[PDB]
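Heads up: the sequence lines are chains l, k, j, 5, m, d, b, f and e, in that order.
Numbering-wise, the entry's author numbering puts 29 at position 29 of the first sequence, and it's gapless, one number per residue.
Numbering-wise, the entry's author numbering puts 29 at position 29 of the second sequence, and it's gapless, one number per residue.
Numbering-wise, the entry's author numbering puts 100 at position 100 of the third sequence, and it's gapless, one number per residue.
Numbering-wise, the entry's author numbering comes out as the position in the fourth sequence, counting from 1, plus 542.
Numbering-wise, the entry's author numbering comes out as the position in the fifth sequence, counting from 1, plus 9.
Numbering-wise, the entry's author numbering comes out as the position in the sixth sequence, counting from 1, plus 1.
Numbering-wise, the entry's author numbering puts 155 at position 155 of the seventh sequence, and it's gapless, one number per residue.
Numbering-wise, the entry's author numbering comes out as the position in the eighth sequence, counting from 1, plus 1.
Numbering-wise, the entry's author numbering comes out as the position in the ninth sequence, counting from 1, plus 1.
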Amino acid sequence: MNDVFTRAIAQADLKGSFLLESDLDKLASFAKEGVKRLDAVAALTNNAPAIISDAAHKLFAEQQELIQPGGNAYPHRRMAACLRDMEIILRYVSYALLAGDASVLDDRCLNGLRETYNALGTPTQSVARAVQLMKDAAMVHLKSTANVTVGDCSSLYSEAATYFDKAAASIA
Amino acid sequence: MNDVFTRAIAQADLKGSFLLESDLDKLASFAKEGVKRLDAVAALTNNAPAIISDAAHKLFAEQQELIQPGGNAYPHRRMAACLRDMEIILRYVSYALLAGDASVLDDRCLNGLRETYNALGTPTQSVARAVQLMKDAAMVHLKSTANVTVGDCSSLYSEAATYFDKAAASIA
Amino acid sequence: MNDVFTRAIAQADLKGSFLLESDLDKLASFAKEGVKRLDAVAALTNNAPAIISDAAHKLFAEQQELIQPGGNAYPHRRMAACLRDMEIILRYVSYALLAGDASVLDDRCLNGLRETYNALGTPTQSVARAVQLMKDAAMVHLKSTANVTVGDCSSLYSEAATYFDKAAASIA
Amino acid sequence: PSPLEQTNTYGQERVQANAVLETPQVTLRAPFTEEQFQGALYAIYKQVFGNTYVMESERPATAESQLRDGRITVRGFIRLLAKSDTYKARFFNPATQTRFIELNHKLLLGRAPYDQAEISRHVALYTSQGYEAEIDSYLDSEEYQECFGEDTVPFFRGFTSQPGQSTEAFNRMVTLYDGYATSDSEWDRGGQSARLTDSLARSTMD
Amino acid sequence: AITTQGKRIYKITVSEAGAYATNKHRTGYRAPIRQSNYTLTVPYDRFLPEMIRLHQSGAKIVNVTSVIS
Amino acid sequence: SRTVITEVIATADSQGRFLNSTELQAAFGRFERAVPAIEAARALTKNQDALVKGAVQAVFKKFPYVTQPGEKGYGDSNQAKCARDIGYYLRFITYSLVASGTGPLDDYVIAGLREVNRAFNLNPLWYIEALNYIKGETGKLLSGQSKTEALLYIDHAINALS
Amino acid sequence: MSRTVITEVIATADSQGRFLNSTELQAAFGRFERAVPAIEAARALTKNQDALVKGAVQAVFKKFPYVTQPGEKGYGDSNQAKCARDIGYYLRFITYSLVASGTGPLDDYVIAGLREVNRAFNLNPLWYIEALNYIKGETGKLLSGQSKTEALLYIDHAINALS
Amino acid sequence: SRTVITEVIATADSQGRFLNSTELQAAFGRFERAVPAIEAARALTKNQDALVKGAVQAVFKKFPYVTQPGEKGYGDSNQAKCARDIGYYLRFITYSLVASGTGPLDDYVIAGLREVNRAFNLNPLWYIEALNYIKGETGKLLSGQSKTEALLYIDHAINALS
Amino acid sequence: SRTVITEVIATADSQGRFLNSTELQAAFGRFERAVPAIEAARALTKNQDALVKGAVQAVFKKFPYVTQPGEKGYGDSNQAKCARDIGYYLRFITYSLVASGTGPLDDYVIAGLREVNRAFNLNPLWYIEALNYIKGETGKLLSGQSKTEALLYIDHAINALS
Ligand SMILES: CCC1=C(C)/C(=C/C2=NC(=C\c3[nH]c(/C=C4/NC(=O)[C@H](C)[C@H]4CC)c(C)c3CCC(=O)O)/C(CCC(=O)O)=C2C)NC1=O
Ligand SMILES: CCC1=C(C)/C(=C/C2=NC(=C\c3[nH]c(/C=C4\NC(=O)[C@H](C)[C@H]4CC)c(C)c3CCC(=O)O)/C(CCC(=O)O)=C2C)NC1=O
Ligand SMILES: CCC1=C(C)/C(=C/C2=NC(=C\c3[nH]c(/C=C4\NC(=O)[C@H](C)[C@H]4CC)c(C)c3CCC(=O)O)/C(CCC(=O)O)=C2C)NC1=O
Ligand SMILES: CCC1=C(C)/C(=C/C2=NC(=C\c3[nH]c(/C=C4\NC(=O)[C@H](C)[C@H]4CC)c(C)c3CCC(=O)O)/C(CCC(=O)O)=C2C)NC1=O
Ligand SMILES: CCC1=C(C)/C(=C/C2=NC(=C\c3[nH]c(/C=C4\NC(=O)[C@H](C)[C@H]4CC)c(C)c3CCC(=O)O)/C(CCC(=O)O)=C2C)NC1=O
Ligand SMILES: CCC1=C(C)/C(=C/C2=NC(=C\c3[nH]c(/C=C4\NC(=O)[C@H](C)[C@H]4CC)c(C)c3CCC(=O)O)/C(CCC(=O)O)=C2C)NC1=O
Ligand SMILES: CCC1=C(C)/C(=C/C2=NC(=C\c3[nH]c(/C=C4\NC(=O)[C@H](C)[C@H]4CC)c(C)c3CCC(=O)O)/C(CCC(=O)O)=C2C)NC1=O
Ligand SMILES: CCC1=C(C)/C(=C/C2=NC(=C\c3[nH]c(/C=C4\NC(=O)[C@H](C)[C@H]4CC)c(C)c3CCC(=O)O)/C(CCC(=O)O)=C2C)NC1=O
Ligand SMILES: CCC1=C(C)/C(=C/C2=NC(=C\c3[nH]c(/C=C4\NC(=O)[C@H](C)[C@H]4CC)c(C)c3CCC(=O)O)/C(CCC(=O)O)=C2C)NC1=O
Ligand SMILES: CCC1=C(C)/C(=C/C2=NC(=C\c3[nH]c(/C=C4\NC(=O)[C@H](C)[C@H]4CC)c(C)c3CCC(=O)O)/C(CCC(=O)O)=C2C)NC1=O
Ligand SMILES: CCC1=C(C)/C(=C/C2=NC(=C\c3[nH]c(/C=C4\NC(=O)[C@H](C)[C@H]4CC)c(C)c3CCC(=O)O)/C(CCC(=O)O)=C2C)NC1=O
């Protein structure tokens, strides 16, 4: 389970050379962006109830067969599992965001989810669509400037979007 | 774990509709005759040591390749496993009878026992023959009406016979 | 586990007969040579750390592409794992020698290690030269009669040879 | 450098389970705060029930409150949790007793069983003294205690050589883990069939 | 357990005598060193195995009191 | 789900022992208690739409501000969802009555209730009010054995809500 | 999976994550030195198994003759054949454990599950107790010295398992 | 691997919450100290070769008796190996600086050093005086908080070797 | 309660080992963040009364249907207890700022919050909105860092309320 720094260390060790000065500069730039990254992670943490709820209402507006009798999340426990998997996906993406790279998900969170949802009979595309709706809600919250030092987190918005979309692809 | 009544509720929720009138009338008829099934399983349980003793006695009467060295039940441990195997088979079928459903029997005994015996080298037809001796002794002790009021229990005998039938089919 | 005497008794049960006089003859021969067996196993135990050390020396001199970076022994935790591996495999083959029956080797040592190493990325061929260097180092101490009465153990010597041959063909 | 690259944890991620070798055990020793009360509880819950989600209404408030006071060790709370009906409903209820014992090994010792002789002995114990006796055997087994302790949360010690452990346990729990996502409910049909029995069959003979 | 015998839990007060400490040191401190004196709650059902395992651990019982009667 | 026979089976299986007199007595008791429970099931079956509409309008009486725009009760589709939820509750109560226990009810609503309540801000007091109205009106629809047992199912669900 | 001296030695040494110390090597030597009298006992008991089994049959008949009465489970030609086969199995396994110099063969082969056999088949151990008592009475002259007490130990272990 | 961000991320994952003030505050501290530590590691890379070769010579000036023909220290490939190993030690120290966590040392060299030394009879004290040499130079070649943290990491490296 | 150094010492005693870098850096983090939290505590010390009052009026305002007679909002003792509650919460918030951690706030209000919330009909969202008001004035009273961590602590209080 690697961050940008730890991974960089890993491949630098793989070539068996010292860290390259340019790599040092990239890590320094990451250090510069660290405060923005912490703002982003804190914002993601703060708006967790609102984001999970809003994603739920979009999902349920656009799909109803999930809640139909026998629908893949029909009972209260099963609907709760439906929502809590999407929130745990948010959990792990936030984890990667603070960690600064997308290794942690493919390491542990989405290591074997495909076969799990096939075995559960879960339609993958539904989980994917939930992921993009989570993405929409998340970007909506992150573009907010509430009580934050103004700047340019466009890199962070794009990179969290990469998290979301690659996780959604891995769901498939 | 599911019984025929529980499976009826299951289909009721699968269509999402309330319990019907005809099927609930059938359930009431089952409830009034539940005493019959209770008496049948009571006869099974009281005569269970006798039933297993007689079935095993005729089992070793017909088959002799087991008591000989290299037989599937030669050492005390192996035929002990055999004996408790028939014991467990009859016990789980009695559970199925109380449920009226083989789903408990399937979930307990038949989820993975056949490949278990394949790995062990145990032949299945021997176990099926043991099951049929089980049914012979069981119907002998149950179709007797000693110390109990007499009545029509052909449905109960048929249900127990069919449950041993599906058990034998699953194992072999 | 199943020692040589245990294997004799097991095959006797498989044929369901008493021991032959010739059986007791081989078993008495094994019992009388057990003293030389104990001398051999003591030779193993006394030099075991030394043996694993110099065997590793010949291995890594023979194969330099591993201690260097990018090798599955580089990060020096893999030093610990590798050394423990030689230690434990020599320990189990010592167990096999003492018992005189390679069964315990097969069970406790090499039931499924091939998949273990392949799923770990370890090239087992290296392990095969590892164990043959192990025998090369050990046989010197075995021939060492320092502080022990001299004698012929060509039977024991060949037995250990075939033991490590089993280990080689196994892990290969 | 080598023609082929081998990173530090490379074995950890090529095997389906990496973080378990990195994620530590948890202990609850001295009076402490609600935050990691619930943290340790969630860890234990994901641990013991094979990555099945432990639904909130299922938990006994009295047992966790008593553990909060500490009249019991964590081991006693594990025992009481094993006595919970929902535990049997998840594992004892839909699965065969051999598959039951394999799952119980995985979830109470973190490792697959060593040999089919262990399987036979443990089934014999279950047959002789009912359900809870086998669980009490695991939680009273000495290697569990000395390896974990009265106050340590059980974890997956698989993918890690245990003192005098069979070479088969690694392979079996590799086949049995298959990631975080693998739940052992009555669904997914994997917690019902005894995946290990075929491998265990080879152990008795040679 | 539910039986009249199964109830009547008995409190057990345990001291890590020198024998237990010597045993634990040589077996290895795979668990944190906890203080010598500690009370433990043990029902009738598992009453025997408690001081059995403590005796194989080398520890000795301080005293035992009965919760019920 | 969990019906008296199912706990009997599972418990007997636990200790690895056959059935005994006590569990057969419990099964017997279930068998005679089923008939009043079946009658209660019929009574709640033929009154379903009135049950739903009365509960929704009682919620209106105690919680009319909920129907105000910008809140949950506002919206025709929202109210269709309210009625559908209450109908699901009553159907599971019927399953509970026919089950001689709370097995299916627990399994299909009580497993995961407060979680969704927090999720969509679904106040359990709303459903407490709805089931209190159902209790009051079943005070008229039913009588005697069926009334009392259906009341115990409904107020068990209520206490689970609380 | 039979328990013997060397096998339990290997298991214990594997258990502690250690090699074989002085104690296990000395125990192995003791096993080698004690095997030869066990070998003599096994061979001598192998020679004269016919007389032992027939005398055991008549002795168990003499102890409780009522089992041989008609209408009892002991009466019958098949019953006699089974008695002879069973006692032959006992002496087979006792010689086996003498050879292994450990009760483990007997343990696994008979002592595993014997009790449920006796309860499910009403075969009270008393008849097999008498059989083993006759075996010890006859072997009190068949063997000598160490082999005598060696055989006595394992047959009495079988008795204690039966009792 | 192991580094303050990674312990935080694990103890928030395996514990199952969202992060609060303490851990993000630690992240603030790490992301701010990066520049001192990172330029320090840059300097270490900038002066590494003198460090390693003078470390070899320092060992010999303290351990000449290990060098004579007929004992372990004698040997040309032996020498190349000596420089190689101390090179990795310096290297992993640099990685530790970059990660701002004692992790890389733990994962690679502190993981299982003791028994491989016992296998090869490698006296850790050798590496200890090599690192003492290293700290003697870094006292001058580096300044302020950077020399502080570098000294701290190499001290913990000795404590491992100790 | 616990401060950051409390987890520091608890962990270090848990492994029974001496403190390495990371927890000492946490000690820093706390020390340099102390001052901003210090003026945050200063401000909250000066402003408390109006904060409590405005919380009372705001919760009466955006929840109008609780104010009228016949429910929780009506009854003088009710809003007296509201005022004492808000005073206690923001005092624990000051404690959180001083401790630079959730310790006092958590172990004083957060423990057992939900079961009390439905054990006395006290709607939590009442308290979420009270703390939202408190955010309302603190968005003007404080500035910079003090504002930032005060915001975070009141956010965590809300999050545990939510
Ligand atoms: C592990 C090797 C092995 C042993 C040890 C063995 C003993 C043995 N003999 C049996 C039958 C029997 N054995 C006897 C002999 C009895 N008659 C009396 O005098 C005495 C109590 C005793 C002999 C002294 C009899 C009469 C039966 C018939 C029981 C029946 O089938 O009803 C059975 C029950 C299985 C069956 O009835 O077919 C066993 C286990 N069989 C084996 O394969
Ligand atoms: C209690 C924990 C804590 C947090 C979270 C925190 C945030 C924080 N973010 C900062 C800078 C910043 N913060 C942001 C992020 C914002 N700007 C835009 O991008 C977005 C609207 C928004 C993203 C959420 C940016 C972009 C900077 C300046 C850095 C840069 O532009 O590269 C600063 C420095 C203020 C300055 O010197 O001007 C702080 C203190 N401080 C803390 O003590
Ligand atoms: C605690 C367990 C339990 C037992 C043992 C029990 C015996 C029992 N079975 C009954 C019903 C009965 N059960 C049977 C079935 C029996 N008769 C048939 O011939 C078969 C041989 C056999 C079943 C295989 C019959 C015929 C009745 C009476 C008819 C009826 O159900 O009304 C009744 C009610 C008789 C009455 O109300 O007048 C009793 C007391 N009841 C129990 O609650
Ligand atoms: C603690 C367990 C134990 C051990 C270790 C043991 C060793 C041992 N080996 C002996 C004889 C012997 N030992 C050996 C074996 C050695 N000579 C061969 O050259 C080989 C190089 C080597 C074996 C690999 C031989 C050949 C004899 C002579 C006995 C004979 O004539 O067969 C003796 C009797 C005389 C003496 O004291 O040396 C002992 C005690 N005895 C024990 O009770
Ligand atoms: C029961 C006895 C037993 C055996 C047989 C055994 C083999 C074994 N070696 C392993 C890892 C390993 N094994 C090795 C050694 C190999 N790699 C290099 O190529 C060397 C040349 C070569 C040594 C011959 C290494 C370096 C690892 C570390 C791989 C990793 O951690 O990912 C593992 C996985 C986890 C572990 O135990 O460390 C097993 C199970 N383990 C046991 O407990
Ligand atoms: C460690 C990381 C992690 C993963 C990978 C994970 C997946 C996961 N999903 C599960 C069940 C579930 N998961 C879902 C969610 C999906 N199905 C529906 O189609 C929804 C549309 C969709 C949501 C987007 C549902 C509905 C269930 C309940 C199915 C059942 O078991 O009956 C379970 C069973 C847990 C238990 O109940 O004990 C797991 C482990 N959970 C985790 O904690
Ligand atoms: C076996 C099941 C079980 C029982 C029986 C149980 C009772 C129980 N109450 C306790 C203390 C306590 N008891 C009380 C209640 C009293 N103090 C005042 O508030 C009230 C006037 C009064 C209640 C009417 C309090 C407040 C504490 C702990 C003090 C604290 O929280 O610091 C404790 C010790 C520490 C604790 O867990 O709180 C136990 C074990 N807990 C259990 O898990
Ligand atoms: C709940 C579902 C379930 C059941 C009931 C079950 C029975 C079962 N049979 C087993 C093996 C066995 N089963 C038998 C019985 C067979 N051999 C005899 O000769 C007969 C021909 C035949 C029985 C009629 C034997 C002898 C073994 C021992 C394996 C062996 O020695 O090869 C074992 C493992 C060994 C042990 O229990 O000690 C189980 C658990 N397994 C399950 O998962
Ligand atoms: C297992 C069968 C099942 C049940 C029981 C169930 C309850 C349920 N009702 C819901 C929506 C709803 N539920 C209500 C009803 C409440 N809100 C207030 O206005 C009323 C006072 C009160 C009615 C008494 C409303 C208005 C909605 C729509 C808005 C929302 O909560 O998302 C939702 C969220 C998803 C959706 O339906 O769009 C669930 C899970 N869902 C199920 O699949
Ligand atoms: C498991 C299902 C079940 C329930 C729920 C149950 C309650 C119950 N108790 C009864 C007898 C009764 N129960 C009570 C007790 C009540 N009345 C008093 O005023 C108190 C308010 C209260 C006691 C504190 C009384 C007074 C009677 C009638 C007289 C008698 O006890 O014989 C009756 C017979 C009346 C009828 O059938 O309508 C029922 C149904 N019985 C059951 O088999
Ligand atoms: C990155 C982590 C890492 C570690 C910990 C490490 C230790 C290490 N030291 C080795 C050799 C060695 N290293 C030393 C110690 C050095 N030479 C002595 O002269 C000096 C006192 C001292 C330097 C100051 C020695 C004596 C050997 C044995 C050389 C041999 O016998 O072949 C070897 C390989 C065996 C060989 O091919 O010679 C390793 C793996 N290697 C690593 O890559």
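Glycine is no exception: its CB is placed at the ideal position from the N, C-alpha and C atoms.
Interface flag, residue i vs chain j, CB-CB below 8 Å
| i | result |
| --- | --- |
| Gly16 (chain l) | yes |
Chain-ordered neighbours of residue i on chain l, where CB pairs are closer than 7 Å
| i | result |
| --- | --- |
| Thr724 (chain 5) | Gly112 and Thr116 |
| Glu116 (chain d) | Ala80 |
Minimum Cβ-Cβ distance from residue i to chain e less than 8 Å
| i | result |
| --- | --- |
| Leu153 (chain f) | yes |
Short CB-CB distance (under 8 Å) between residue i and chain 5
| i | result |
| --- | --- |
| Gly113 (chain d) | yes |
| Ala10 (chain l) | yes |
Cross-chain neighbours of residue i in chain l, by beta carbon under 9 Å
| i | result |
| --- | --- |
| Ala120 (chain d) | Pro49, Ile52, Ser53, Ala56, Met79, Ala80 and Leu83 |
Chain l within 8 Å of residue i, Cβ atoms only
| i | result |
| --- | --- |
| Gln68 (chain j) | yes |
Counterpart residues of residue i in DSSP-defined beta bridges
| i | result |
| --- | --- |
| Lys62 (chain d) | BP columns for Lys62 (chain d) are empty, so no partner. |
Residues that residue i contacts on chain b, provided the C-beta gap is smaller than 8 Å
| i | result |
| --- | --- |
| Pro705 (chain 5) | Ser15, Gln16 and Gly17 |
Any chain m beta carbon closer than 8 Å to residue i
| i | result |
| --- | --- |
| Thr702 (chain 5) | no |
8 Å Cβ cutoff, residue i in contact with chain k
| i | result |
| --- | --- |
| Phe64 (chain d) | no |
| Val110 (chain b) | yes |
Residues within the segment 106-124 of chain k neighbouring chain 5, beta-carbon criterion of under 8 Å: Listed by position, the residues of the segment 106-124 of chain k near chain 5 (Cβ gap below 8 Å) are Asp107, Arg108, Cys109, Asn111, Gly112, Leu113, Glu115, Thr116, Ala119 and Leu120.
Interface residues of the segment 141-171 of chain k facing chain d [CB-CB below 9 Å]: none
Residue ranges of each alpha helix (DSSP H) within the segment 40-77 of chain l, 4 or longer: 48-62
Cβ-based contacts, 8 Å cut-off: residues of the segment 561-588 of chain 5 near chain e: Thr569, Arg571, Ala572, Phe574, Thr575, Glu576 and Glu577
Length at least 4, wholly inside the segment 1-35 of chain j: the alpha helix (DSSP H) runs in chain order: 4-15
The segment 631-652 of chain 5: positions lying closer than 9 Å to chain d by Cβ: Taking 9 Å as the Cβ-Cβ cut-off against chain d, the residues of the segment 631-652 of chain 5 that qualify are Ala631, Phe634 and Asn635.
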